[PDB]
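Protein chains: 4
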Amino acid sequence: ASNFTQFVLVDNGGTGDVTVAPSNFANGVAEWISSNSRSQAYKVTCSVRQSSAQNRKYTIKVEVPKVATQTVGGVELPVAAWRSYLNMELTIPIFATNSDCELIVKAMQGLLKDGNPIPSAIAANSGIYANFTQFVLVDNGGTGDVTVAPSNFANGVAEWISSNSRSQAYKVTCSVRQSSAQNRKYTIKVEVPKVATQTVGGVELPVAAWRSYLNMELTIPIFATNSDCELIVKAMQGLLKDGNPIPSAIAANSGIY
Amino acid sequence: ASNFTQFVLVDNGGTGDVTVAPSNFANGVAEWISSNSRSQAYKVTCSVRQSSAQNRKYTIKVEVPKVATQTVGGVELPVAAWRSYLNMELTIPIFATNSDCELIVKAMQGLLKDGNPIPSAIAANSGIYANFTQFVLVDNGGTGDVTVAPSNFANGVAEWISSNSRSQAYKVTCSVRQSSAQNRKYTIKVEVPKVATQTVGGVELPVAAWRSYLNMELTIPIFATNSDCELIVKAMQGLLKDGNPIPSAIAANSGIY
Amino acid sequence: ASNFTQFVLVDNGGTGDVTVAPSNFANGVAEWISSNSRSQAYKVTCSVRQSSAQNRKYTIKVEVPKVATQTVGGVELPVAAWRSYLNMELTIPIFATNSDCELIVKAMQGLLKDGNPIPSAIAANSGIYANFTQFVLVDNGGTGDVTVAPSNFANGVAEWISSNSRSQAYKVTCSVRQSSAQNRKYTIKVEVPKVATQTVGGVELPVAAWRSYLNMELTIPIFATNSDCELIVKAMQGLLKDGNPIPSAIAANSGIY
Amino acid sequence: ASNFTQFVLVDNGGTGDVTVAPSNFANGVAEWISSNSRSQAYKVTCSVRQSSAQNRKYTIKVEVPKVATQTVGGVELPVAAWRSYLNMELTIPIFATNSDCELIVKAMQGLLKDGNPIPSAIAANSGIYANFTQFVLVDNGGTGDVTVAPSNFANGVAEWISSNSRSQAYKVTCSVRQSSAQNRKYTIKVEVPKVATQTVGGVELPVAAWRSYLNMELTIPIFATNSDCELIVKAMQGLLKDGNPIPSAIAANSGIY
Numbered sequence: 001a002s003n004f005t006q007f008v009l010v011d012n013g014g015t016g017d018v019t020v021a022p023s024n025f026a027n028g029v030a031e032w033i034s035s036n037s038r039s040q041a042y043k044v045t046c047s048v049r050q051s052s053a054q055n056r057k058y059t060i061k062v063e064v065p066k067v068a069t070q071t072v073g074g075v076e077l078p079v080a081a082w083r084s085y086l087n088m089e090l091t092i093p094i095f096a097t098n099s100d101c102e103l104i105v106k107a108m109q110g111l112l113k114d115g116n117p118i119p120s121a122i123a124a125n126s127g128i129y130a131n132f133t134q135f136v137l138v139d140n141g142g143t144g145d146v147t148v149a150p151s152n153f154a155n156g157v158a159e160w161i162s163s164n165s166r167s168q169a170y171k172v173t174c175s176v177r178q179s180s181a182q183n184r185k186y187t188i189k190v191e192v193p194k195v196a197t198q199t200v201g202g203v204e205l206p207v208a209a210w211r212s213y214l215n216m217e218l219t220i221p222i223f224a225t226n227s228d229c230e231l232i233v234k235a236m237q238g239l240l241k242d243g244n245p246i247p248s249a250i251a252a253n254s255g256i257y
Numbered sequence: 001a002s003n004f005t006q007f008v009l010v011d012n013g014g015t016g017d018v019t020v021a022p023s024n025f026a027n028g029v030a031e032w033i034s035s036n037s038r039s040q041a042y043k044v045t046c047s048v049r050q051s052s053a054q055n056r057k058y059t060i061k062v063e064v065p066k067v068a069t070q071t072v073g074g075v076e077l078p079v080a081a082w083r084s085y086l087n088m089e090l091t092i093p094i095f096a097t098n099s100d101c102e103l104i105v106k107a108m109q110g111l112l113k114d115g116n117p118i119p120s121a122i123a124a125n126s127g128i129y130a131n132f133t134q135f136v137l138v139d140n141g142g143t144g145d146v147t148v149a150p151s152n153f154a155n156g157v158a159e160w161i162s163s164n165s166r167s168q169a170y171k172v173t174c175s176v177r178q179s180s181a182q183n184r185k186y187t188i189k190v191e192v193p194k195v196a197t198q199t200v201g202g203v204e205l206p207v208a209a210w211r212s213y214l215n216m217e218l219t220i221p222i223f224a225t226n227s228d229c230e231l232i233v234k235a236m237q238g239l240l241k242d243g244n245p246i247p248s249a250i251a252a253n254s255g256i257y
Numbered sequence: 001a002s003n004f005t006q007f008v009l010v011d012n013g014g015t016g017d018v019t020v021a022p023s024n025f026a027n028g029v030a031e032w033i034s035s036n037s038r039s040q041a042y043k044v045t046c047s048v049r050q051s052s053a054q055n056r057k058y059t060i061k062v063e064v065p066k067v068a069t070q071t072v073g074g075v076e077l078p079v080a081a082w083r084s085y086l087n088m089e090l091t092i093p094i095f096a097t098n099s100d101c102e103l104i105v106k107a108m109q110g111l112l113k114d115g116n117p118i119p120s121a122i123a124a125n126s127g128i129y130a131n132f133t134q135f136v137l138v139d140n141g142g143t144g145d146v147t148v149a150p151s152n153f154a155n156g157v158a159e160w161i162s163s164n165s166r167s168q169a170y171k172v173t174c175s176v177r178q179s180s181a182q183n184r185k186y187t188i189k190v191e192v193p194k195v196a197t198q199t200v201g202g203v204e205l206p207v208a209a210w211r212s213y214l215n216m217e218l219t220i221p222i223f224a225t226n227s228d229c230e231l232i233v234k235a236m237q238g239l240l241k242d243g244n245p246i247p248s249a250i251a252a253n254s255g256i257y
Numbered sequence: 001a002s003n004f005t006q007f008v009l010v011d012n013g014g015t016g017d018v019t020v021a022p023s024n025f026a027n028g029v030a031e032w033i034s035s036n037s038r039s040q041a042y043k044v045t046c047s048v049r050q051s052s053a054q055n056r057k058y059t060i061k062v063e064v065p066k067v068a069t070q071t072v073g074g075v076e077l078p079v080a081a082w083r084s085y086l087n088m089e090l091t092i093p094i095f096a097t098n099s100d101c102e103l104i105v106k107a108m109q110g111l112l113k114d115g116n117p118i119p120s121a122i123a124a125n126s127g128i129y130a131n132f133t134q135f136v137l138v139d140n141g142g143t144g145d146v147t148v149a150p151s152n153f154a155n156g157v158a159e160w161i162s163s164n165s166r167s168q169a170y171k172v173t174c175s176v177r178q179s180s181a182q183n184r185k186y187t188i189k190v191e192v193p194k195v196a197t198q199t200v201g202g203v204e205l206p207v208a209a210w211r212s213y214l215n216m217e218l219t220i221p222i223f224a225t226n227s228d229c230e231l232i233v234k235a236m237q238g239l240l241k242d243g244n245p246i247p248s249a250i251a252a253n254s255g256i257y
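Protein chains in written order, with the deposited numbering: chain J, 1 to 257; chain J', 1 to 257; chain J'', 1 to 257; chain L, 1 to 257. A prime marks a further copy of an entry chain.
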């Protein structure tokens, strides 16, 4: 309920906090503003939309403006010269118990943790970026964890499904390419499956609702570098961080308000 | 660091050692020469090239010239009548711990060991050659080993993924065919996955960077026989042998210099 | 060696034994005759042919003539009014230890055992025939057995891979259809993988040579019935039965002579 | 452990550095970018590619910017007024052993260091330096010299040849040409041979087994004063000397190791 609390997007350390005021957006989505004007601040969207018939989506965008003086006037107009668009339509179950979403929430914070894969990849912007990595999607805590390795490499578009079948494990996809004369994209689809209401496979399973389709389109301009890209990552993880309104909504099978 | 040490390519036994002096090649690659002229010696390349966005490659070639008097002059011109081209663009992770590459290094020496599959196959040149075999890719030592059997046989182009999912195990491919009036090829792709920073699946996994695409194109001329082909194999294994500069580079996520 | 011994094809019980004299066939194949003329007897072929480059085949045919008076003369000409053609190009490894083939031999006798799947299916000719069944391919004996269930059903052409990956388990296929105005076929491909030189996954694996492609084309005429079809099955199992020359060859990675 | 990282290059006295970090490789084309601002960054490329069946070609371009200030529209936009284009294509055959490339690199980079008769042209008036005569270039210890005499210029294309034998001579070019109305392009190719012996037909014909192709196209605008070129040359030649992170790849395994 009303998880609209002013949470810090980028946990830099206290200085220059990208603190974002909640409560906003029109026709079905969410928002979280930072302390500046309508051209240099950070955008943080999050909408709930019943994708199909048994699987509801979660469109969640997050902008990462480059805080630099505009080069089109020579005045003090605060605006970004380029932005790091972060899209992610995370599908999800609904009639399953509350602990099912916790499994998917950790499946988002664990995807971006301090000293982990993607977070330290897209952060250097080059000797590592774009996408395909590994991480225990569900960080349960010593027992019940989900391991997930890789295999195929067709046309440079990978697809990884966990320690189960090619039709019953935590799958994730992606791809990068120079779409035009200036930008690039990170189509990191993270189809997060659900496996809750269970101890360790103790029959009391009766789970419900099938999958999620976390399709992502992270456009990163060629004007970025190492430093500005670590900020892009901190925007992705500071998005789905425990206790924050973005993942907490996705935790109770609920929006925000 | 500077793994450029004179290592013996073919471990024949001391006589006629194909010892190769290191330190060479232009515009991004490596070399290791043998004691002769520029037409009968053995070539041993190895380049590092960031294939995509999160997966860096390892183009590694190795020539196997037939030490026979040239049949185009009747003089003492030392040159090969035919060569056994060995190509292998081995992709790989980078921001993962040093022990991740050890897993992939053994995944190359174990692929060619004394009294094993491929090494005793391509060696007889006929009742066994070309490709598709098995071997514990990662030779850990009694615990944590990776078993990997087979299944499909579509159009004669096999694909084998290990004891996991069709999207999360050690996969490898290949194929052979008479490309022209005189040569043949061994398109032995060995897509080596990574699974490090872990005991035996003890949660402390947090691994990173996805897969490798060790595409291979081993062209073997129809003028070869049993004896000259064992030398071709010893060139493949003496390439990725522990302690040698080729796999040692691939062991520390590094080149040579 | 010289496994050419007079083995009984159909184990009926002693009466009317389809005993077959060995030692025959031209240009690369085998034969086993029964006590009659060149038109009513049973044919039992078996050829060895290095299919590709690392996988050698085993073309094995077996005819099942209907012992009835010819309806084209009214004389005592002994000949079949229709035949049950049994084809099966079983690929296989060679440089692997002798116990690897034992695993594939049992993978043929277990495929057709007394009171099992296929044997009791094609035997009734109707409430059960054609193909897709299950059986522990490798009948080891209490430990190390290979379980294998099913899943897909696309266009009525099934494909079953065992308790491993979709690229590393005992796969098998098939299909039936009215090819023309009078006959039908059983395209029962049994791609038998190999998994030998091992206790129970104890590291000492170092196995070699990849797969087998036991493609089958069992043409059964629409003039058959329940009784004549049990004889068709007994011809398939009496073919790959332990101790007999057909599977014993396939047991030592050898032909017969 | 990560190769292809932030390295060092062109410098002068103690004021501004040029750390060249990584950036892109899409479709096989390495690329390095420097500091914060891309419009003032030092781009550089590198890609492996086997041209045919008896050669190995490369591509290492280089764009050297200018820390200028284009004020258009009242804004001081930090952008380069021009960029360099040191593109060195090098073909190395398979027959050429691992002892030719080491002496090829020191012949391409070891051709234009910081005033050699060819690159002094790239740093001063005498872009010939000598009324264009027999000069010195690539050398090692005391045995063979490489005096490069003059030869042709037909249609605006300088050319230098060495000693007696042309088939073993060191070709080099140079031509002035204003590309448009605000620029001045150039072309300085370089072919480095090999003192080998092609015996075909019973005759020892002294000919090169391969040749280099150091082709540096450089565009210098009219607006760019006579104080930019001096620092451009030491940035093109002063980019690949004898082991720099870019040319060490042209001399060893290390792409940017």
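Backbone N, C-alpha and C fix where the C-beta goes; we use that ideal spot for every residue, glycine too.
Considering only C-alpha positions, which residue in the set the options is nearest to residue i?
| i | options | result |
| --- | --- | --- |
| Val-195 (chain L) | L:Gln-178, L:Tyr-170, L:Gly-201 | L:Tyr-170 |
| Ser-39 (chain J) | J:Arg-56, J:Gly-16, J:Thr-69 | J:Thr-69 |
| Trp-82 (chain J) | J:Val-136, J:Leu-90, J:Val-72 | J:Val-72 |
| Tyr-186 (chain J') | J':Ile-250, J':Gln-54, J':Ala-224, J':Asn-131 | J':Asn-131 |
| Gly-16 (chain J) | J:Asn-27, J:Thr-5, J:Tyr-42 | J:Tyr-42 |
| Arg-49 (chain L) | J':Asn-55, J':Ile-60, J':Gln-54 | J':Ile-60 |
| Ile-128 (chain J') | J'':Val-136, J'':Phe-95, J'':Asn-253 | J'':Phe-95 |
| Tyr-257 (chain J') | J':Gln-198, J':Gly-13, J':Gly-28, J':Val-8 | J':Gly-28 |
| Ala-53 (chain L) | J':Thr-219, J':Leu-112, J':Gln-168 | J':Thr-219 |
| residue 258 (chain J) | J:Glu-204, J:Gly-255, J:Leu-239 | Because chain J spans 1 through 257 in this model, residue 258 (chain J) falls outside it and cannot be assessed. |
Note down, in chain order, each residue of its chain lying with its Cβ closer than 6 Å to the Cβ of residue i, except the 5 sequence neighbours on either side.
| i | result |
| --- | --- |
| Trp-32 (chain J') | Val-20, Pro-22, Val-44 |
| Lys-241 (chain J') | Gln-109 |
| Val-8 (chain J) | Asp-17, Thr-19 |
Could you name the residues of the same chain whose beta carbon sits closer than 7 Å to that of residue i, not counting the 5 residues immediately before and after it, in chain order?
| i | result |
| --- | --- |
| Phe-25 (chain J) | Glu-31, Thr-45 |
| residue 276 (chain J'') | The first residue shown for chain J'' is 1 and the last is 257, placing residue 276 (chain J'') beyond what the model contains. |
| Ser-151 (chain L) | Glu-159, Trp-160, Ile-161 |
| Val-67 (chain J) | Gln-40 |
Name the chain J'' residues that come within less than 7 Å of residue i, Cβ to Cβ?
| i | result |
| --- | --- |
| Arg-166 (chain J) | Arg-166 |
Look at the alpha carbon of residue i and the alpha carbon of residue j, and state the distance between them as a whole number of angstroms.
| i | j | result |
| --- | --- | --- |
| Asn-244 (chain J'') | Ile-188 (chain J'') | 22 Å |
| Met-216 (chain J'') | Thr-147 (chain J) | 39 Å |
| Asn-116 (chain J'') | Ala-149 (chain J'') | 15 Å |
| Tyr-58 (chain J') | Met-236 (chain J') | 15 Å |
For residue i, go through chain J' and note every residue whose CB falls closer than 7 Å to its CB, in chain order.
| i | result |
| --- | --- |
| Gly-255 (chain L) | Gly-28, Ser-47, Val-48, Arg-49, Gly-255 |
| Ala-209 (chain L) | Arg-38 |
Strictly by DSSP, which residues pair up with residue i?
| i | result |
| --- | --- |
| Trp-82 (chain J') | According to DSSP, which records beta bridges pairwise, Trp-82 (chain J') is partnered with nothing at all. |
| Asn-152 (chain L) | L:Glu-159 |
| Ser-47 (chain L) | L:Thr-59 |
| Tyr-186 (chain J) | J:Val-176 |
| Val-20 (chain L) | L:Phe-7 |
| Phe-135 (chain L) | L:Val-148 |
Going by the C-beta, is residue i closer than 7 Å to any heavy atom of the ligand FAD?
| i | result |
| --- | --- |
| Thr-147 (chain L) | Looking at this structure, you won't find the ligand FAD or any other ligand, since it has none at all. |
Which residues of chain J have a Cβ atom closer than 7 Å to the Cβ of residue i, listed in chain order?
| i | result |
| --- | --- |
| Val-195 (chain J') | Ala-149 |
List the residues of chain L whose Cβ lies closer than 9 Å to the Cβ of residue i, in chain order.
| i | result |
| --- | --- |
| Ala-252 (chain J') | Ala-1 |
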